[PDB]
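Here's coords21.tsv, which has TSV, C-alpha atoms and all ligand atoms:
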chain	number	residue	atom	x	y	z
U	1	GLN	CA	255.83	-111.41	30.63
U	2	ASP	CA	255.09	-113.50	33.92
U	3	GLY	CA	252.71	-116.61	33.64
U	4	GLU	CA	249.80	-114.78	35.56
U	5	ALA	CA	249.92	-111.68	33.15
U	6	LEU	CA	250.69	-113.80	29.93
U	7	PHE	CA	247.66	-116.22	30.66
U	8	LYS	CA	245.24	-113.12	30.54
U	9	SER	CA	247.20	-111.12	27.77
U	10	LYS	CA	247.70	-114.13	25.30
U	11	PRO	CA	244.60	-116.23	24.13
U	12	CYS	CA	245.15	-119.09	26.77
U	13	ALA	CA	242.16	-118.36	29.22
U	14	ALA	CA	239.64	-118.60	26.18
U	15	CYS	CA	239.91	-122.51	26.05
U	16	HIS	CA	241.88	-123.20	29.38
U	17	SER	CA	240.51	-122.55	32.98
U	18	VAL	CA	242.11	-122.09	36.54
U	19	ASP	CA	240.34	-125.04	38.45
U	20	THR	CA	237.77	-127.13	36.31
U	21	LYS	CA	238.28	-128.33	32.61
U	22	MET	CA	236.32	-126.33	29.86
U	23	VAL	CA	237.45	-128.04	26.51
U	24	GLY	CA	241.12	-129.19	27.26
U	25	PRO	CA	243.15	-129.47	30.61
U	26	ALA	CA	242.91	-126.80	33.44
U	27	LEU	CA	245.92	-125.05	35.25
U	28	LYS	CA	245.13	-127.13	38.49
U	29	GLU	CA	245.12	-130.43	36.34
U	30	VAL	CA	248.60	-129.81	34.59
U	31	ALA	CA	250.12	-128.81	38.08
U	32	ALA	CA	248.58	-131.96	39.86
U	33	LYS	CA	249.94	-134.54	37.23
U	34	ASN	CA	253.26	-132.57	36.60
U	35	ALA	CA	254.19	-130.84	39.99
U	36	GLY	CA	257.67	-129.27	39.15
U	37	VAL	CA	259.32	-132.30	37.31
U	38	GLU	CA	262.21	-132.36	34.66
U	39	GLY	CA	261.04	-133.59	31.15
U	40	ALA	CA	257.41	-132.26	31.68
U	41	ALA	CA	258.70	-128.56	31.32
U	42	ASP	CA	260.29	-129.52	27.86
U	43	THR	CA	257.08	-131.51	26.73
U	44	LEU	CA	254.77	-128.53	27.86
U	45	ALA	CA	257.17	-125.93	26.12
U	46	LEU	CA	257.37	-128.04	22.81
U	47	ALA	CA	253.50	-128.68	23.00
U	48	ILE	CA	252.70	-124.83	22.91
U	49	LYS	CA	255.26	-124.20	20.00
U	50	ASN	CA	254.24	-127.30	17.79
U	51	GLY	CA	250.87	-128.75	19.19
U	52	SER	CA	249.54	-131.71	21.37
U	53	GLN	CA	247.60	-134.78	19.92
U	54	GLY	CA	245.85	-137.22	22.45
U	55	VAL	CA	247.33	-136.52	26.01
U	56	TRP	CA	244.56	-134.87	28.27
U	57	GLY	CA	241.22	-134.86	26.23
U	58	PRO	CA	239.71	-135.44	22.66
U	59	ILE	CA	240.21	-131.71	21.51
U	60	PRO	CA	243.76	-131.02	19.93
U	61	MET	CA	245.79	-127.68	20.33
U	62	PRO	CA	247.44	-125.74	17.32
U	63	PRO	CA	250.99	-124.03	17.49
U	64	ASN	CA	250.46	-120.82	19.68
U	65	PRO	CA	252.62	-117.56	19.31
U	66	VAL	CA	255.35	-118.09	22.07
U	67	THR	CA	259.24	-117.57	22.07
U	68	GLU	CA	261.99	-119.63	24.00
U	69	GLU	CA	262.06	-117.15	27.05
U	70	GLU	CA	258.14	-117.03	27.19
U	71	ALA	CA	257.88	-120.94	26.91
U	72	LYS	CA	260.33	-121.32	29.96
U	73	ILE	CA	258.30	-118.79	32.18
U	74	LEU	CA	254.88	-120.35	31.02
U	75	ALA	CA	256.23	-124.01	31.56
U	76	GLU	CA	257.59	-123.12	35.13
U	77	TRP	CA	254.23	-121.28	36.00
U	78	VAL	CA	251.85	-124.21	34.86
U	79	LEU	CA	254.11	-126.68	36.92
U	80	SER	CA	254.38	-124.32	40.03
U	81	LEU	CA	251.26	-121.96	40.13
U	82	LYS	CA	250.96	-118.78	42.38
P	101	LIG	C1	241.72	-123.73	22.44
P	101	LIG	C2	241.82	-123.39	20.94
P	101	LIG	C3	243.11	-123.58	23.15
P	101	LIG	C4	243.84	-122.42	23.32
P	101	LIG	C5	243.44	-121.01	22.85
P	101	LIG	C6	244.99	-122.76	24.04
P	101	LIG	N1	245.02	-124.11	24.31
P	101	LIG	FE1	246.41	-125.13	25.35
P	101	LIG	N2	245.41	-126.84	25.03
P	101	LIG	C7	244.20	-126.99	24.37
P	101	LIG	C8	243.81	-128.32	24.34
P	101	LIG	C9	242.53	-128.88	23.69
P	101	LIG	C10	244.79	-129.05	24.98
P	101	LIG	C11	244.79	-130.58	25.17
P	101	LIG	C12	245.33	-131.27	23.89
P	101	LIG	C13	245.32	-132.81	24.01
P	101	LIG	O1	245.72	-133.49	23.08
P	101	LIG	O2	244.93	-133.38	25.01
P	101	LIG	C14	245.76	-128.12	25.41
P	101	LIG	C15	246.91	-128.43	26.14
P	101	LIG	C16	247.86	-127.51	26.61
P	101	LIG	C17	248.99	-127.84	27.37
P	101	LIG	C18	249.42	-129.25	27.84
P	101	LIG	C19	250.28	-129.93	26.74
P	101	LIG	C20	250.76	-131.35	27.15
P	101	LIG	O3	250.47	-131.85	28.23
P	101	LIG	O4	251.44	-132.00	26.39
P	101	LIG	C21	249.66	-126.66	27.63
P	101	LIG	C22	250.96	-126.51	28.44
P	101	LIG	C23	248.92	-125.64	27.02
P	101	LIG	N3	247.81	-126.15	26.39
P	101	LIG	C24	249.26	-124.28	27.04
P	101	LIG	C25	248.58	-123.24	26.41
P	101	LIG	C26	248.98	-121.89	26.43
P	101	LIG	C27	250.23	-121.32	27.14
P	101	LIG	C28	248.02	-121.18	25.67
P	101	LIG	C29	248.00	-119.64	25.37
P	101	LIG	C30	249.22	-119.25	24.51
P	101	LIG	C31	247.09	-122.14	25.24
P	101	LIG	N4	247.41	-123.41	25.69
P	101	LIG	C32	245.96	-121.86	24.46
P	101	LIG	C33	243.49	-125.94	23.79
P	101	LIG	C34	243.86	-124.61	23.75
Can you turn what I pasted into structure tokens?
Ligand code: HEC
Amino acid sequence: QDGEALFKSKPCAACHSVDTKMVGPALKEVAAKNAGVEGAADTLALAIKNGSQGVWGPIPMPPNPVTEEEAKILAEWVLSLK
């Protein structure tokens, strides 16, 4: 259930990367712009449940399979990485 095991178990590493951008934003890019800030955790949690349109690059993201407890652990891991 942790962000390191959920990034490899769920289909997030297919489009996203750990350092450089592949098609959308990378884990190092979302942590550099939003480094543990209130408001960004709610926008990143609502973006994975509904979808993002024009924020990091030209490619959009569809609504991924994630619950309220998984969106809070994934939002806190992308803001503060291990
Ligand atoms: C390719 C089909 C993707 C997969 C699979 C996942 N994501 Fe994604 N994500 C993708 C793009 C192209 C973008 C940028 C969209 C834009 O308009 O710029 C994103 C963005 C995110 C974000 C940031 C949202 C924001 O800043 O508002 C997060 C937090 C994010 N993606 C998370 C995420 C997770 C947890 C995934 C596995 C369940 C996942 N993404 C898969 C493209 C793709």
Report task. Residues up to 8 Å from ligand LIG 101 (chain P), counting only C-alpha atoms and all ligand atoms: could you list those as number ranges by chain? Result -> U: 6-7, 10-16, 23-25, 30, 40, 43-48, 51-62, 64-66, 71, 74-75, 78
Using only the atoms of region 17-30 of chain U listed in the file, plus 3 Å on each side, state the axis-aligned box centre and edge lengths in Å rounded to one decimal, as AutoDock Vina command-line options.
--center_x 242.5 --center_y -126.3 --center_z 32.5 --size_x 18.3 --size_y 14.3 --size_z 18.0
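CA of residue 39 (chain U) is positioned 15.1 Å from CA of residue 73 (chain U).
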Query - Interatomic distance, CA of residue 79 (chain U) to CA of residue 36 (chain U) (Å, one decimal) - result: 4.9 Å
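Taking all atoms listed in the file into account, residue 70 (chain U) lies nearest to U:5 out of the set U:20, U:5, U:82, U:33.
Residues with any atom within 9 Å of residue 19 (chain U), counting all atoms listed in the file and excluding same-chain neighbours fewer than 3 positions away, are residues 26, 27, 28 and 29 of chain U.
Reported to one decimal place, the separation of CA of residue 77 (chain U) from CA of residue 9 (chain U) is 14.8 Å.
With all atoms listed in the file as the basis for measurement, U:67 is the residue among U:1, U:34, U:67, U:17 that approaches residue 49 (chain U) most closely.
You can rank U:42, U:31, U:50, U:22 by their closest distance to residue 72 (chain U) using all atoms listed in the file, and at the top of that list sits U:42.
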Kindly output region 14-30 of chain U as an mmCIF file, in the frame of the given file, after building N, CA and C atoms.
data_model
loop_
_atom_site.group_PDB
_atom_site.id
_atom_site.type_symbol
_atom_site.label_atom_id
_atom_site.label_comp_id
_atom_site.auth_asym_id
_atom_site.auth_seq_id
_atom_site.Cartn_x
_atom_site.Cartn_y
_atom_site.Cartn_z
ATOM 1 N N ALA U 14 240.869 -118.363 27.058
ATOM 2 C CA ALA U 14 239.640 -118.600 26.180
ATOM 3 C C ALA U 14 239.229 -120.099 26.195
ATOM 4 N N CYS U 15 240.194 -121.015 26.025
ATOM 5 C CA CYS U 15 239.910 -122.510 26.050
ATOM 6 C C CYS U 15 240.260 -123.080 27.455
ATOM 7 N N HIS U 16 241.416 -122.680 28.025
ATOM 8 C CA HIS U 16 241.880 -123.200 29.380
ATOM 9 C C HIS U 16 241.165 -122.474 30.554
ATOM 10 N N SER U 17 241.141 -123.125 31.725
ATOM 11 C CA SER U 17 240.510 -122.550 32.980
ATOM 12 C C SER U 17 241.533 -122.634 34.155
ATOM 13 N N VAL U 18 241.180 -122.087 35.326
ATOM 14 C CA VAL U 18 242.110 -122.090 36.540
ATOM 15 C C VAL U 18 241.878 -123.336 37.451
ATOM 16 N N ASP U 19 240.639 -123.859 37.543
ATOM 17 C CA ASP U 19 240.340 -125.040 38.450
ATOM 18 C C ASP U 19 239.688 -126.222 37.663
ATOM 19 N N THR U 20 238.502 -126.018 37.064
ATOM 20 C CA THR U 20 237.770 -127.130 36.310
ATOM 21 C C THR U 20 238.119 -127.091 34.791
ATOM 22 N N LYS U 21 237.980 -128.235 34.102
ATOM 23 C CA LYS U 21 238.280 -128.330 32.610
ATOM 24 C C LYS U 21 237.092 -127.741 31.789
ATOM 25 N N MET U 22 237.392 -126.931 30.760
ATOM 26 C CA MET U 22 236.320 -126.330 29.860
ATOM 27 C C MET U 22 236.262 -127.194 28.571
ATOM 28 N N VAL U 23 237.350 -127.206 27.787
ATOM 29 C CA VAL U 23 237.450 -128.040 26.510
ATOM 30 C C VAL U 23 238.708 -128.950 26.617
ATOM 31 N N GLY U 24 239.846 -128.399 27.076
ATOM 32 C CA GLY U 24 241.120 -129.190 27.260
ATOM 33 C C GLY U 24 241.438 -129.292 28.788
ATOM 34 N N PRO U 25 242.738 -129.371 29.174
ATOM 35 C CA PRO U 25 243.150 -129.470 30.610
ATOM 36 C C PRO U 25 243.104 -128.085 31.313
ATOM 37 N N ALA U 26 242.929 -128.082 32.634
ATOM 38 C CA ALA U 26 242.910 -126.800 33.440
ATOM 39 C C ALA U 26 244.309 -126.566 34.065
ATOM 40 N N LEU U 27 244.570 -125.361 34.601
ATOM 41 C CA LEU U 27 245.920 -125.050 35.250
ATOM 42 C C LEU U 27 246.130 -125.964 36.491
ATOM 43 N N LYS U 28 245.064 -126.217 37.270
ATOM 44 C CA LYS U 28 245.130 -127.130 38.490
ATOM 45 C C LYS U 28 245.418 -128.606 38.039
ATOM 46 N N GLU U 29 244.910 -129.019 36.863
ATOM 47 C CA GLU U 29 245.120 -130.430 36.340
ATOM 48 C C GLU U 29 246.588 -130.636 35.879
ATOM 49 N N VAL U 30 247.145 -129.701 35.082
ATOM 50 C CA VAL U 30 248.600 -129.810 34.590
ATOM 51 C C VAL U 30 249.592 -129.708 35.794
#
